[PDB]
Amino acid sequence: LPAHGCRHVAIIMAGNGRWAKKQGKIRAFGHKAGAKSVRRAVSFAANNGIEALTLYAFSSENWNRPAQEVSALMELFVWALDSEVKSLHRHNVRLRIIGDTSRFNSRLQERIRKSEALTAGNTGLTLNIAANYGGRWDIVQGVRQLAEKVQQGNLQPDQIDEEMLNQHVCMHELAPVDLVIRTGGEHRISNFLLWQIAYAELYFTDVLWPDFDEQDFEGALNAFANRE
């Protein structure tokens, strides 16, 4: 049963640049080392009864990072979709990418579509990777779905309430986010899951994403259990 009653954990995976800079290295080196922490967090979540794990992997504002940092990132995503997918599948993990995927390269989009298809029937941990994601953008997509319904004459503007918009934001089919963890030291949620984090516990740690391990994750969970 969910470690300390926590059903859905979302993580802002920050501090990779800081971690690499402390060792005289570039951001891209830290992002690669960040992929190992992703593996450890996914394994920990799947082994501790967590229902969904949602990871902030690429904000819609990160397009403005250096071109080479961005390309290295895209190649890291492709690489992960090639290397870990069989394993997610064997572990009964259902993979979903949330965010505006229409802006990624062809090969990246085809791989996302196939990996999600392959694991769509899995019933264990749902792993959501937020890529080219923004919380405001997420809300706007639901708003457009409803505006279209207003267009078609199938919905009256006065019928729109919170629950109806809630059924049109990302991850509405999953348990609500209970805990948001941000590594790296900064205390902002940076446009991550705005609608969905309305009642979530927020946990900030100076631990840098590439160093985040099982004891750190257990620690964030215990802060949650003592969410008294």
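So that there is no doubt, residue numbering starts at 1 and follows the sequence shown.
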note = Of 71 to 79 and 90 to 98, the stretch with the higher mean C-alpha B-factor in the deposited entry is 71 to 79
task = Could you settle it for me: does 204 to 212 or 21 to 29 have the higher average Cα B factor in the PDB entry?
result = 21 to 29
task = Just grab whichever of 187, 172, 36, 65 has the top CA B-factor as deposited.
result = 65
key: Selection from 179, 160, 41, 198 [criterion: highest C-alpha temperature factor in the record]   = 160
message = Could you place residue 183 in the lowest, middle or highest third of its chain by Cα temperature factor, using the values in the record?
response = lowest
ask   = Comparing residue 191 with the other modelled residues of its chain, is its CA B-factor in the lowest, middle or highest third?
value = lowest
inquiry  = Per the entry's values, where does residue 123 land by CA temperature factor relative to the rest of its chain, in the lowest, middle or highest third?
reply    = middle
request  = Report the third (lowest, middle or highest) to which the CA temperature factor of residue 153 belongs, ranking only the modelled residues of the same chain.
outcome  = highest
note = residue 52: CA temperature factor from the record, placed by chain third, in the lowest
